[PDB]
$ cat structure_11.txt   # compact mmCIF, C-alpha atoms and all ligand atoms
# COMPACT_ATOMS: atom_id res chain seq x y z
CA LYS A 363 102.42 94.63 101.18
CA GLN A 364 99.43 94.15 98.84
CA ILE A 365 102.04 94.49 96.04
CA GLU A 366 104.09 91.64 97.50
CA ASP A 367 100.95 89.47 97.56
CA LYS A 368 100.41 90.27 93.89
CA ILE A 369 104.00 89.48 93.04
CA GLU A 370 103.64 86.16 94.81
CA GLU A 371 100.57 85.39 92.76
CA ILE A 372 102.60 86.29 89.68
CA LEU A 373 105.62 84.22 90.53
CA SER A 374 103.49 81.11 90.98
CA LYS A 375 101.73 81.63 87.70
CA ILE A 376 105.08 81.87 85.95
CA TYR A 377 106.27 78.72 87.66
CA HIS A 378 103.20 76.83 86.53
CA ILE A 379 103.60 78.27 83.04
CA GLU A 380 107.22 77.27 82.63
CA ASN A 381 106.17 73.77 83.63
CA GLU A 382 103.43 73.70 81.06
CA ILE A 383 105.93 74.82 78.46
CA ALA A 384 108.35 72.06 79.24
CA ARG A 385 105.61 69.42 79.10
CA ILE A 386 104.31 70.86 75.87
CA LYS A 387 107.79 70.64 74.41
CA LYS A 388 108.11 66.99 75.40
CA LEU A 389 104.74 66.22 73.83
CA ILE A 390 105.77 67.93 70.61
CA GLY A 391 109.09 66.11 70.49
CA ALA A 392 107.23 62.82 70.81
CA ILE A 393 104.82 63.58 67.96
CA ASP A 394 107.71 64.70 65.72
CA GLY A 395 109.32 61.28 66.04
CA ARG A 396 106.02 59.52 65.44
CA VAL A 397 105.44 61.57 62.28
CA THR A 398 108.89 60.90 60.87
CA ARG A 399 108.40 57.17 61.47
CA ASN A 400 105.07 57.39 59.65
CA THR A 401 106.57 59.34 56.76
CA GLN A 402 109.21 56.61 56.55
CA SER A 403 106.72 53.74 56.54
CA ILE A 404 104.61 55.43 53.84
CA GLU A 405 107.62 55.58 51.59
CA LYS A 406 108.15 51.85 52.19
CA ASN A 407 104.55 51.19 51.27
CA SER A 408 104.71 53.23 48.10
CA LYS A 409 107.85 51.36 47.07
CA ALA A 410 106.15 48.01 47.70
CA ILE A 411 103.01 49.09 45.71
CA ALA A 412 104.99 50.32 42.67
CA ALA A 413 106.80 46.99 42.86
CA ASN A 414 103.49 45.12 42.86
CA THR A 415 101.96 47.19 40.04
CA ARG A 416 104.91 46.21 37.83
CA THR A 417 104.43 42.54 38.66
CA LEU A 418 100.73 42.91 37.80
CA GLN A 419 101.67 44.42 34.45
CA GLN A 420 104.09 41.56 33.75
CA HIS A 421 101.50 38.99 34.69
CA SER A 422 98.96 40.66 32.40
CA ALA A 423 101.51 40.35 29.62
CA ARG A 424 101.96 36.66 30.44
CA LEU A 425 98.21 36.00 30.53
CA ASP A 426 97.87 37.50 27.03
CA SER A 427 100.69 35.40 25.63
CA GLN A 428 99.34 32.26 27.21
CA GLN A 429 95.84 32.95 25.90
CA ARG A 430 97.26 33.34 22.42
CA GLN A 431 99.18 30.11 22.83
CA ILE A 432 96.07 28.22 23.90
CA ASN A 433 94.14 29.60 20.93
CA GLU A 434 96.79 28.41 18.51
CA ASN A 435 96.75 24.94 20.16
CA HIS A 436 92.95 24.88 19.91
CA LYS A 437 93.33 25.67 16.22
CA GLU A 438 96.07 23.16 15.48
CA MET A 439 93.71 20.59 16.93
CA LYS A 440 90.98 21.56 14.52
CA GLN A 441 93.43 21.17 11.62
CA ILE A 442 94.38 17.72 12.94
CA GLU A 443 90.74 16.73 13.20
CA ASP A 444 89.96 17.88 9.69
CA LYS A 445 92.92 15.74 8.56
CA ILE A 446 91.55 12.71 10.37
CA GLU A 447 88.21 13.00 8.67
CA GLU A 448 89.99 12.83 5.34
CA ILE A 449 91.89 9.74 6.50
CA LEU A 450 88.73 8.01 7.64
CA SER A 451 87.18 8.76 4.25
CA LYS A 452 90.10 7.23 2.43
CA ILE A 453 89.89 4.22 4.74
CA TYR A 454 86.24 3.62 4.03
CA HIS A 455 86.90 3.99 0.33
CA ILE A 456 89.67 1.42 0.61
CA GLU A 457 87.49 -1.00 2.54
CA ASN A 458 85.01 -0.75 -0.29
CA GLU A 459 87.63 -1.34 -2.95
CA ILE A 460 88.80 -4.45 -1.10
CA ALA A 461 85.30 -5.79 -0.91
CA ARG A 462 84.75 -5.25 -4.62
CA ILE A 463 88.07 -6.96 -5.40
CA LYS A 464 87.05 -9.87 -3.25
CA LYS A 465 83.83 -10.16 -5.28
CA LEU A 466 85.69 -10.41 -8.60
CA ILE A 467 87.90 -13.19 -7.29
CA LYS A 468 84.91 -15.08 -5.83
CA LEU A 469 83.13 -14.94 -9.21
CA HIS A 470 86.23 -16.25 -11.06
CA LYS B 363 114.14 98.60 95.38
CA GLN B 364 114.14 94.85 96.12
CA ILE B 365 110.68 94.89 94.45
CA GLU B 366 112.13 96.45 91.30
CA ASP B 367 114.77 93.70 91.21
CA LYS B 368 111.99 91.12 91.43
CA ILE B 369 110.02 92.81 88.69
CA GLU B 370 113.10 92.77 86.51
CA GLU B 371 113.49 89.07 87.11
CA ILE B 372 109.84 88.69 86.15
CA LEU B 373 110.00 90.75 83.01
CA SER B 374 112.89 88.67 81.68
CA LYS B 375 111.12 85.43 82.39
CA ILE B 376 108.11 86.66 80.45
CA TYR B 377 110.31 87.70 77.57
CA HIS B 378 111.92 84.29 77.43
CA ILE B 379 108.49 82.67 77.70
CA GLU B 380 106.93 84.60 74.87
CA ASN B 381 109.87 83.54 72.76
CA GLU B 382 109.39 79.91 73.65
CA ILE B 383 105.75 80.24 72.73
CA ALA B 384 106.49 81.64 69.31
CA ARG B 385 109.02 78.89 68.58
CA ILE B 386 106.61 76.26 69.81
CA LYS B 387 103.96 77.64 67.49
CA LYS B 388 106.32 77.46 64.51
CA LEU B 389 107.21 73.87 65.37
CA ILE B 390 103.53 72.94 65.58
CA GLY B 391 102.72 74.63 62.29
CA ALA B 392 105.48 72.60 60.65
CA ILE B 393 104.22 69.27 61.99
CA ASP B 394 100.64 70.11 60.92
CA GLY B 395 101.77 70.44 57.32
CA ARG B 396 103.81 67.25 57.51
CA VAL B 397 100.81 65.35 58.88
CA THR B 398 98.43 66.61 56.21
CA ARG B 399 100.94 65.59 53.53
CA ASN B 400 101.14 62.15 55.12
CA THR B 401 97.36 61.83 55.35
CA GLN B 402 97.26 62.73 51.66
CA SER B 403 99.87 60.17 50.63
CA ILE B 404 98.12 57.42 52.61
CA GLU B 405 94.97 58.04 50.67
CA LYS B 406 96.97 57.73 47.45
CA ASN B 407 98.38 54.44 48.65
CA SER B 408 95.02 53.05 49.61
CA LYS B 409 93.66 53.99 46.19
CA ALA B 410 96.58 52.27 44.47
CA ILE B 411 96.14 49.09 46.64
CA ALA B 412 92.38 48.79 45.99
CA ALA B 413 93.27 49.21 42.32
CA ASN B 414 95.80 46.38 42.55
CA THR B 415 93.49 44.05 44.51
CA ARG B 416 90.95 44.35 41.70
CA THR B 417 93.58 43.51 39.09
CA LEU B 418 94.58 40.48 41.21
CA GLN B 419 90.96 39.35 41.28
CA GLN B 420 90.68 39.73 37.50
CA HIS B 421 93.88 37.83 36.96
CA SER B 422 92.65 35.03 39.23
CA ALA B 423 89.55 34.87 37.06
CA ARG B 424 91.73 34.66 33.95
CA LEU B 425 93.95 31.93 35.43
CA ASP B 426 90.85 29.81 36.15
CA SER B 427 89.50 30.23 32.64
CA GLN B 428 92.83 29.43 31.09
CA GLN B 429 93.26 26.34 33.26
CA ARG B 430 89.86 25.13 32.14
CA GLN B 431 90.81 25.79 28.54
CA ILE B 432 94.02 23.81 28.87
CA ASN B 433 92.14 20.91 30.44
CA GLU B 434 89.68 20.79 27.56
CA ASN B 435 92.59 20.86 25.06
CA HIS B 436 94.30 18.05 26.99
CA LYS B 437 91.06 16.09 26.70
CA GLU B 438 90.42 16.77 23.03
CA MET B 439 93.89 15.36 22.47
CA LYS B 440 93.00 12.15 24.24
CA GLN B 441 89.90 11.81 22.04
CA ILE B 442 92.08 12.35 18.96
CA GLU B 443 94.53 9.72 20.14
CA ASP B 444 91.81 7.19 20.81
CA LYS B 445 90.61 7.86 17.24
CA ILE B 446 94.07 7.24 15.84
CA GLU B 447 94.33 3.89 17.53
CA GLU B 448 91.14 2.86 15.78
CA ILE B 449 92.56 4.06 12.46
CA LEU B 450 95.78 2.12 12.94
CA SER B 451 93.72 -0.97 13.71
CA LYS B 452 91.73 -0.61 10.54
CA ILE B 453 94.98 -0.09 8.63
CA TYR B 454 96.54 -3.26 9.95
CA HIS B 455 93.36 -5.15 9.17
CA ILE B 456 93.48 -3.79 5.64
CA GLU B 457 97.12 -4.72 5.19
CA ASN B 458 96.16 -8.23 6.16
CA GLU B 459 93.25 -8.36 3.74
CA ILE B 460 95.55 -7.22 0.94
CA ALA B 461 98.05 -9.89 1.74
CA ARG B 462 95.37 -12.58 1.74
CA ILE B 463 94.03 -11.30 -1.59
CA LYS B 464 97.51 -11.42 -3.01
CA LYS B 465 97.75 -15.07 -1.93
CA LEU B 466 94.57 -16.06 -3.80
CA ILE B 467 95.81 -14.47 -6.99
CA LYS B 468 99.25 -16.12 -6.67
CA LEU B 469 97.60 -19.55 -6.27
CA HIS B 470 95.40 -19.00 -9.37
CA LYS C 363 102.30 104.00 91.23
CA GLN C 364 104.67 103.41 88.30
CA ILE C 365 105.12 99.92 89.85
CA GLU C 366 101.38 99.29 89.73
CA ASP C 367 101.38 100.25 86.04
CA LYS C 368 104.15 97.73 85.45
CA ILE C 369 102.31 95.05 87.35
CA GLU C 370 99.25 95.72 85.24
CA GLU C 371 101.31 95.32 82.11
CA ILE C 372 102.59 92.05 83.56
CA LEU C 373 99.23 90.67 84.54
CA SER C 374 97.88 91.19 81.03
CA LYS C 375 100.85 89.50 79.45
CA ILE C 376 100.31 86.49 81.68
CA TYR C 377 96.65 86.41 80.79
CA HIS C 378 97.44 86.44 77.10
CA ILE C 379 100.10 83.78 77.65
CA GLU C 380 97.87 81.38 79.52
CA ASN C 381 95.43 81.71 76.65
CA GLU C 382 98.08 80.92 74.10
CA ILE C 383 99.03 77.88 76.14
CA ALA C 384 95.52 76.53 76.21
CA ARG C 385 95.11 77.01 72.46
CA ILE C 386 98.46 75.40 71.83
CA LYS C 387 97.40 72.43 73.91
CA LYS C 388 94.19 72.03 71.91
CA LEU C 389 96.14 72.17 68.66
CA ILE C 390 98.54 69.51 69.90
CA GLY C 391 95.73 67.26 71.07
CA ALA C 392 94.19 67.49 67.61
CA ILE C 393 97.41 66.55 65.80
CA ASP C 394 97.97 63.61 68.19
CA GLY C 395 94.65 62.09 67.15
CA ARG C 396 95.37 62.71 63.48
CA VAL C 397 98.75 61.00 63.79
CA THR C 398 97.36 57.95 65.57
CA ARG C 399 94.71 57.60 62.85
CA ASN C 400 97.45 57.81 60.23
CA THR C 401 99.61 55.26 62.04
CA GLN C 402 96.55 53.00 62.10
CA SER C 403 95.79 53.38 58.39
CA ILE C 404 99.42 52.69 57.46
CA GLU C 405 99.26 49.41 59.28
CA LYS C 406 96.10 48.56 57.31
CA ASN C 407 97.89 49.38 54.09
CA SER C 408 100.92 47.29 54.93
CA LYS C 409 98.65 44.36 55.75
CA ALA C 410 96.82 44.74 52.43
CA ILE C 411 100.17 44.96 50.48
CA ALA C 412 101.68 41.85 52.12
CA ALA C 413 98.38 40.15 51.26
CA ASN C 414 98.70 41.23 47.63
CA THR C 415 102.39 40.27 47.34
CA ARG C 416 101.46 36.72 48.39
CA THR C 417 98.70 36.58 45.77
CA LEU C 418 101.23 37.79 43.17
CA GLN C 419 103.60 35.01 44.19
CA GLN C 420 100.82 32.43 43.90
CA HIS C 421 99.80 33.73 40.52
CA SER C 422 103.42 33.57 39.33
CA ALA C 423 103.44 29.95 40.42
CA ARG C 424 100.24 29.33 38.46
CA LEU C 425 101.56 31.06 35.33
CA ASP C 426 104.63 28.78 35.38
CA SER C 427 102.55 25.64 35.76
CA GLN C 428 100.20 26.69 33.01
CA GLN C 429 103.08 27.53 30.68
CA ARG C 430 104.51 24.09 31.27
CA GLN C 431 101.13 22.55 30.60
CA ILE C 432 100.78 24.41 27.32
CA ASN C 433 104.25 23.32 26.25
CA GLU C 434 103.43 19.68 26.89
CA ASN C 435 100.17 20.05 24.90
CA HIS C 436 102.11 21.70 22.06
CA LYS C 437 104.44 18.70 22.12
CA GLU C 438 101.77 16.02 22.29
CA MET C 439 100.37 17.64 19.17
CA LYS C 440 103.66 17.27 17.36
CA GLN C 441 103.75 13.58 18.30
CA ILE C 442 100.19 13.19 16.97
CA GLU C 443 101.14 14.91 13.73
CA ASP C 444 104.19 12.74 13.24
CA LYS C 445 101.87 9.74 13.72
CA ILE C 446 99.48 11.03 11.09
CA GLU C 447 102.22 11.36 8.53
CA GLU C 448 103.01 7.69 9.05
CA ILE C 449 99.33 6.82 8.60
CA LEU C 450 99.07 8.81 5.39
CA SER C 451 102.14 7.00 4.10
CA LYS C 452 100.64 3.63 4.84
CA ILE C 453 97.43 4.76 3.15
CA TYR C 454 99.17 5.80 -0.03
CA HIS C 455 101.09 2.54 -0.04
CA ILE C 456 97.81 0.66 0.31
CA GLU C 457 96.16 2.62 -2.48
CA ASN C 458 99.06 1.59 -4.66
CA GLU C 459 98.79 -2.06 -3.69
CA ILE C 460 95.09 -2.01 -4.54
CA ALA C 461 95.76 -0.52 -7.91
CA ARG C 462 98.38 -3.15 -8.69
CA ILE C 463 96.01 -5.91 -7.59
CA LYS C 464 93.34 -4.48 -9.82
CA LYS C 465 95.80 -4.65 -12.74
CA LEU C 466 96.49 -8.37 -12.23
CA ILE C 467 92.80 -9.18 -12.21
CA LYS C 468 92.17 -7.06 -15.34
CA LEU C 469 94.93 -8.93 -17.20
CA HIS C 470 93.50 -12.35 -16.19
CL CL A 501 101.50 61.35 60.43
CL CL A 502 100.52 53.91 53.44
CL CL A 503 96.78 24.13 25.47
CL CL A 504 99.55 46.30 46.52

$ encode --input "structure_11.txt" --output "structure tokens" --more "lines below"
Ligand SMILES: [Cl-]
Ligand SMILES: [Cl-]
Ligand SMILES: [Cl-]
Ligand SMILES: [Cl-]
Amino acid sequence: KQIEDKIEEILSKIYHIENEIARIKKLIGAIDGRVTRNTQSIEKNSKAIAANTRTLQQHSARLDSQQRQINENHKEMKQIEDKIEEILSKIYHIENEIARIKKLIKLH
Amino acid sequence: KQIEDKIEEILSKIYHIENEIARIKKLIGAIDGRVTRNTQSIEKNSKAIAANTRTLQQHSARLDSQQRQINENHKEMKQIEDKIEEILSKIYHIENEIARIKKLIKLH
Amino acid sequence: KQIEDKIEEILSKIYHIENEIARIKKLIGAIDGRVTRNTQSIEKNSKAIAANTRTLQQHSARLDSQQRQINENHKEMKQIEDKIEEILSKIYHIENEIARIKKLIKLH
């Protein structure tokens, strides 16, 4: 009698337990799949970041080259300018020579 | 009798349950370690992305500067060209003066 | 008697089991929250990487344009230089004409 009441109490507990276990298992299966998906996406990200770092490095290399190019062009300009000064000097000298020639002719 | 048969049925259930519980615990321990690893890798990624964003910002700053440099060089050129025009003008004027001088000498 | 001893053994097992189940449930709840947080951070990362890739693409476009600009400026310079040569030639020719004029005047 009293033993049968105890056994009833025990059978119900076990029922409720088995049910918990099933639901726990479902929950765990769900999380497993979520985690794998996350582990997959992280790999994707890392791939995309390594890709980008390389592009950054290439761009850096291109910025350097360009800066050097610009410097050389800035210099070439200065050489050109220095050359123009010399030309202007010659031209003023020539203007003067022409004037002086004109004066000799005018006197004679 | 019948009670002993019930108790047998109960003991087996419990056995099978305890086994489930152990295997569930293993599964959960595994996922925990996977998750920590993922949480670690994500931090790595974020660090690498913040690193890259900064490089991007620095490059942007360098592109601006370079563009400004190029503009100034494009301008300096235009100044140089305008100066050359003036030189060519003077040179044609001089050529003309020389010709006219030659004519005076030829007449006399 | 012996049955009551068995039932005692069974009741304790169930107690210990229920406790395991609770603690398992807590553990699982914890991991769930960790995973969601990770899934959230990964999305953040992906957003930040797509953002950066676009910036990289824009920078590439700007490096191309700048390189083309620099090339044109390097060319314009060469045109300018070729023009200067011609000017210097004219100037030497003029110097010579002036000298020869001077000689005619000196003779007469
Ligand atoms: Cl995760
Ligand atoms: Cl990530
Ligand atoms: Cl330039
Ligand atoms: Cl990135």

$ interface_residues --input "structure_11.txt" --of "chain A" --to "chain C" --cutoff "7 Å" --atoms "only C-alpha atoms" --output "list in words"
residues 393, 397, 400, 404, 407, 411, 414, 428, 432 and 435 of chain A

$ calpha_fit_and_write --input "structure_11.txt" --fixed "chain C" --moving "chain B" --output "short mmCIF file (atom, residue, chain, number, x, y, z; two decimals) with C-alpha atoms, in the coordinates of the input"
data_model
loop_
_atom_site.label_atom_id
_atom_site.label_comp_id
_atom_site.auth_asym_id
_atom_site.auth_seq_id
_atom_site.Cartn_x
_atom_site.Cartn_y
_atom_site.Cartn_z
CA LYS B 363 102.29 104.00 91.24
CA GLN B 364 104.67 103.41 88.30
CA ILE B 365 105.13 99.92 89.85
CA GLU B 366 101.38 99.29 89.73
CA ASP B 367 101.38 100.26 86.05
CA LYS B 368 104.16 97.74 85.45
CA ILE B 369 102.31 95.05 87.35
CA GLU B 370 99.25 95.72 85.24
CA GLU B 371 101.31 95.32 82.11
CA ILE B 372 102.59 92.05 83.56
CA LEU B 373 99.23 90.67 84.54
CA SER B 374 97.88 91.19 81.03
CA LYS B 375 100.85 89.50 79.45
CA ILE B 376 100.31 86.49 81.68
CA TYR B 377 96.65 86.40 80.79
CA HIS B 378 97.43 86.44 77.10
CA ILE B 379 100.10 83.78 77.65
CA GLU B 380 97.87 81.38 79.51
CA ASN B 381 95.43 81.71 76.65
CA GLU B 382 98.09 80.92 74.10
CA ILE B 383 99.04 77.89 76.13
CA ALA B 384 95.52 76.54 76.21
CA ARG B 385 95.11 77.01 72.46
CA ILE B 386 98.46 75.40 71.82
CA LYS B 387 97.40 72.43 73.91
CA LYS B 388 94.19 72.03 71.91
CA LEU B 389 96.14 72.18 68.66
CA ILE B 390 98.54 69.51 69.90
CA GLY B 391 95.73 67.26 71.07
CA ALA B 392 94.19 67.49 67.60
CA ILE B 393 97.41 66.54 65.80
CA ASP B 394 97.97 63.60 68.19
CA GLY B 395 94.66 62.10 67.15
CA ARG B 396 95.37 62.71 63.47
CA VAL B 397 98.75 61.00 63.79
CA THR B 398 97.36 57.95 65.56
CA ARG B 399 94.70 57.61 62.85
CA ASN B 400 97.44 57.81 60.23
CA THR B 401 99.61 55.26 62.04
CA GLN B 402 96.55 53.00 62.10
CA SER B 403 95.79 53.38 58.39
CA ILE B 404 99.43 52.69 57.46
CA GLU B 405 99.26 49.41 59.27
CA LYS B 406 96.11 48.57 57.31
CA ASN B 407 97.90 49.38 54.09
CA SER B 408 100.91 47.30 54.93
CA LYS B 409 98.65 44.36 55.75
CA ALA B 410 96.83 44.74 52.44
CA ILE B 411 100.17 44.96 50.49
CA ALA B 412 101.68 41.84 52.12
CA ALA B 413 98.39 40.15 51.26
CA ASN B 414 98.71 41.23 47.63
CA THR B 415 102.39 40.26 47.34
CA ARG B 416 101.46 36.73 48.38
CA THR B 417 98.70 36.57 45.77
CA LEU B 418 101.23 37.79 43.17
CA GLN B 419 103.60 35.01 44.19
CA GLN B 420 100.82 32.43 43.90
CA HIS B 421 99.81 33.73 40.52
CA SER B 422 103.42 33.57 39.33
CA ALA B 423 103.44 29.95 40.42
CA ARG B 424 100.24 29.33 38.47
CA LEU B 425 101.56 31.06 35.33
CA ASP B 426 104.63 28.78 35.39
CA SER B 427 102.55 25.64 35.76
CA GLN B 428 100.20 26.69 33.01
CA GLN B 429 103.08 27.53 30.67
CA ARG B 430 104.52 24.09 31.27
CA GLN B 431 101.13 22.55 30.59
CA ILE B 432 100.78 24.41 27.32
CA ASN B 433 104.25 23.32 26.25
CA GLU B 434 103.43 19.67 26.89
CA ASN B 435 100.17 20.05 24.90
CA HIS B 436 102.11 21.70 22.06
CA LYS B 437 104.44 18.70 22.12
CA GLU B 438 101.77 16.02 22.30
CA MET B 439 100.37 17.64 19.17
CA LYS B 440 103.65 17.27 17.36
CA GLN B 441 103.74 13.57 18.30
CA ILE B 442 100.19 13.19 16.97
CA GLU B 443 101.14 14.91 13.73
CA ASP B 444 104.19 12.74 13.24
CA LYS B 445 101.87 9.74 13.72
CA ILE B 446 99.48 11.03 11.09
CA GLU B 447 102.21 11.36 8.53
CA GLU B 448 103.01 7.70 9.04
CA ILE B 449 99.33 6.82 8.61
CA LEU B 450 99.06 8.81 5.39
CA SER B 451 102.14 7.00 4.10
CA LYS B 452 100.64 3.63 4.83
CA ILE B 453 97.42 4.76 3.15
CA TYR B 454 99.17 5.79 -0.03
CA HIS B 455 101.09 2.53 -0.04
CA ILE B 456 97.81 0.67 0.31
CA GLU B 457 96.17 2.62 -2.48
CA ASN B 458 99.06 1.58 -4.66
CA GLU B 459 98.79 -2.07 -3.70
CA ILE B 460 95.09 -2.00 -4.54
CA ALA B 461 95.76 -0.52 -7.91
CA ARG B 462 98.39 -3.15 -8.69
CA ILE B 463 96.01 -5.91 -7.59
CA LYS B 464 93.35 -4.48 -9.82
CA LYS B 465 95.80 -4.65 -12.74
CA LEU B 466 96.49 -8.38 -12.22
CA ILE B 467 92.80 -9.17 -12.21
CA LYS B 468 92.16 -7.06 -15.34
CA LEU B 469 94.94 -8.93 -17.20
CA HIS B 470 93.50 -12.34 -16.19
#

$ closest_residue --input "structure_11.txt" --among "C:375, C:388, C:396, C:416" --to "ligand CL 501 (chain A)" --atoms "only C-alpha atoms and all ligand atoms"
C:396

$ closest_residue --input "structure_11.txt" --among "C:451, C:458, C:427, C:403" --to "ligand CL 501 (chain A)" --atoms "all atoms listed in the file"
C:403

$ atom_distance --input "structure_11.txt" --atom1 "CA of residue 370 (chain B)" --atom2 "CA of residue 385 (chain A)"
25.6 Å

$ closest_residue --input "structure_11.txt" --among "C:399, C:462, C:430, C:445" --to "ligand CL 503 (chain A)" --atoms "only C-alpha atoms and all ligand atoms"
C:430

$ build_atoms --input "structure_11.txt" --residues "region 383-397 of chain B" --atoms "N, CA and C atoms" --output "mmCIF file, keeping the file's coordinate frame"
data_model
loop_
_atom_site.group_PDB
_atom_site.id
_atom_site.type_symbol
_atom_site.label_atom_id
_atom_site.label_comp_id
_atom_site.auth_asym_id
_atom_site.auth_seq_id
_atom_site.Cartn_x
_atom_site.Cartn_y
_atom_site.Cartn_z
ATOM 1 N N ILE B 383 107.068 80.458 73.291
ATOM 2 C CA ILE B 383 105.750 80.240 72.730
ATOM 3 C C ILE B 383 105.749 80.398 71.224
ATOM 4 N N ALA B 384 106.389 81.440 70.742
ATOM 5 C CA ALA B 384 106.490 81.640 69.310
ATOM 6 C C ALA B 384 107.121 80.438 68.671
ATOM 7 N N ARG B 385 108.247 79.971 69.217
ATOM 8 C CA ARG B 385 109.020 78.890 68.580
ATOM 9 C C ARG B 385 108.250 77.582 68.633
ATOM 10 N N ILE B 386 107.481 77.405 69.698
ATOM 11 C CA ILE B 386 106.610 76.260 69.810
ATOM 12 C C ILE B 386 105.553 76.306 68.722
ATOM 13 N N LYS B 387 104.956 77.465 68.538
ATOM 14 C CA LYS B 387 103.960 77.640 67.490
ATOM 15 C C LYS B 387 104.492 77.336 66.082
ATOM 16 N N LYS B 388 105.713 77.759 65.795
ATOM 17 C CA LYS B 388 106.320 77.460 64.510
ATOM 18 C C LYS B 388 106.454 75.954 64.358
ATOM 19 N N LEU B 389 106.972 75.306 65.395
ATOM 20 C CA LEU B 389 107.210 73.870 65.370
ATOM 21 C C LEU B 389 105.915 73.139 65.067
ATOM 22 N N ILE B 390 104.844 73.559 65.737
ATOM 23 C CA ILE B 390 103.530 72.940 65.580
ATOM 24 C C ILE B 390 102.959 73.148 64.202
ATOM 25 N N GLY B 391 103.189 74.326 63.639
ATOM 26 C CA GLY B 391 102.720 74.630 62.290
ATOM 27 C C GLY B 391 103.414 73.717 61.305
ATOM 28 N N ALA B 392 104.697 73.452 61.530
ATOM 29 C CA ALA B 392 105.480 72.600 60.650
ATOM 30 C C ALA B 392 104.929 71.182 60.644
ATOM 31 N N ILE B 393 104.741 70.622 61.831
ATOM 32 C CA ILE B 393 104.220 69.270 61.990
ATOM 33 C C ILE B 393 102.822 69.090 61.367
ATOM 34 N N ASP B 394 101.983 70.114 61.507
ATOM 35 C CA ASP B 394 100.640 70.110 60.920
ATOM 36 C C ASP B 394 100.728 69.842 59.433
ATOM 37 N N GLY B 395 101.554 70.610 58.744
ATOM 38 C CA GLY B 395 101.770 70.440 57.320
ATOM 39 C C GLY B 395 102.356 69.103 56.933
ATOM 40 N N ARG B 396 103.276 68.594 57.734
ATOM 41 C CA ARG B 396 103.810 67.250 57.510
ATOM 42 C C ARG B 396 102.724 66.167 57.608
ATOM 43 N N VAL B 397 101.860 66.320 58.611
ATOM 44 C CA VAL B 397 100.810 65.350 58.880
ATOM 45 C C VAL B 397 99.794 65.355 57.762
#
